[PDB]
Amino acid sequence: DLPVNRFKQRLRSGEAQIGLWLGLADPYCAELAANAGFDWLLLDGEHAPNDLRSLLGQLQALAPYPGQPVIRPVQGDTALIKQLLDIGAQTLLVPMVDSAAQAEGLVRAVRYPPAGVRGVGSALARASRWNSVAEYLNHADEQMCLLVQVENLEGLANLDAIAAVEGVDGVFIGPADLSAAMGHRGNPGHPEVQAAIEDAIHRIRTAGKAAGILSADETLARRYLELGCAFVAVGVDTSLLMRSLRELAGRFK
């Protein structure tokens, strides 16, 4: 009984999915996030102090709750992706995808041969529940969801080719990196950046793929939802906690 990837399902549905960014890098701190009611949670392996085993611990904490886990590897390395797939991850958000050719390789990385180059060691890992899931090899590709991050000028230039790649379910726009690449580091609200984001969202959707984004700014997140983004992250756990703590302290000092 192969686990169904509900996040991949809803990407093709009409309704958008609201997400939370998890950077606390702890299974206990993560179980709290699983209780908040988000449709999906992003375990960040690129900018938070996460390793394979702590990602494994967070996957265990999240499993009972409705929110769907998405893992962002530090880079789109084949060996790292292979390890993330074996611990049970079915949706990956790969950063720094600059070209269609790079994206085509990422699709092969998540597929068993003939379709791909994913190594076969499923029996030993959580992904097949240690060979409990019958016919895992024949159907695992069906439940993988690949999301690519476009965050620099070259990726923006190749956006139409990257979104076109077969197997790329979604294209994620990282306003933080894109803004800095465009010369407005730390100012994603700038109209030049906003226009690029709005144009990027349109190009992704006409290719038939889901557009995704992260905004701690809620009104800005509402704008991205209005423009048709399929998956949107509306907060960061470390930032929400850090702001809440300092404001609570500020009220009494």
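Note that residue numbering begins at 1 and tracks the sequence as displayed.
Averaged over CA atoms, B-factors in the entry run higher in 225-233 than in the other of 18-26 and 225-233. The stretch 178-186 shows the higher mean C-alpha B-factor when 178-186 is compared against 165-173 in the entry. The entry assigns its greatest Cα B factor, within the set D86, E135, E104, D77, to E135.
The residue among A48, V193, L52, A61 whose C-alpha atom has the highest B-factor in the PDB entry is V193. Sort the modelled residues of the chain by CA B factor and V94 lands in the lowest third. When all modelled residues of the chain are sorted by CA temperature factor, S239 is found within the middle third. In the PDB entry, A34 places in the lowest third of its chain by CA B-factor. When the modelled residues of the chain are ordered by their C-alpha B factor, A211 lands in the middle third. For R126, the recorded CA B-factor ranks within the lowest third of the chain. Only modelled residues enter the ranking.
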